[PDB]
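Counting from 1 along the sequence shown, just add 12 to a position and that's the residue number in PDB author numbering. Ideal Cβ positions, reconstructed from N, Cα and C, are used throughout, including at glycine.
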Amino acid sequence: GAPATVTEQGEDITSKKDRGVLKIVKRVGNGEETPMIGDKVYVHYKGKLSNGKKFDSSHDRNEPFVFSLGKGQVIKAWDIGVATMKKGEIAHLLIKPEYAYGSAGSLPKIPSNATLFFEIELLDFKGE
Ligand SMILES: COc1cc2cc(c1OC)OCCCOC/C=C/CCOC(=O)[C@@H]1CCCCN1C(=O)[C@H]2C1CCCCC1
């Protein structure tokens, strides 16, 4: 599956180089411009546990998912990963618990120490 592919061939985009967030670009975006901290960000995504046991999509709710980058309205991995993307890019992320929900998890949706997979499309970003 996609999660294994990202383990095999994904780029480690962490500062600490701890393989806690791994990325493959699956479709290239446009521009050199990528979002700065505080940017308003628009994505479609689909997510699961790497176990495959719970699943989640923006599509499910009709409309795009919208958040302020680097304001921890998301897990740290998204702040990190999204910030590396271009308008129009789709990428795959594999995330260790430390850049997601940690040893406390987030029951019942997320268990302790969970690895997460996401597919993310970056639709747009506007400045605060
Ligand atoms: C742990 O809680 C949830 C996690 C996730 C989805 C959830 C959660 O219930 C609140 O509900 C469906 C979407 C509600 O949307 C606004 C909330 C974002 C919560 C913060 O979530 C995150 O930061 C990340 C990244 C942005 C998309 C949502 N994501 C999740 O981890 C998903 C999760 C993905 C893996 C399968 C289970 C759901």
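TODO: Flag this pair as yes or no: are the beta carbons of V40 and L105 separated by less than 9 Å?
DONE: Contact: no.
Open item on the list: Using only the alpha-carbon positions, how far apart do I25 and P47 sit?
Closed with: The alpha-carbon atoms of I25 and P47 are separated by roughly 15 Å.
TODO: Please work out which residues of its chain come closer than 6 Å, Cβ to Cβ, to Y54, disregarding the five sequence neighbours upstream and downstream, and give them in chain order.
DONE: Closer than 6 Å at the Cβ level, and outside the excluded window around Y54, lie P76, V78, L135 and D136.
- [ ] Identify whether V94 lies in helix, strand or coil by the three-state DSSP scheme.
- [x] Helix.
TODO: Over the uninterrupted alpha helix (DSSP H) stretch that includes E20, give me the two end residues.
DONE: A14 to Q21 is the span of the alpha helix (DSSP H), which, as asked, contains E20.
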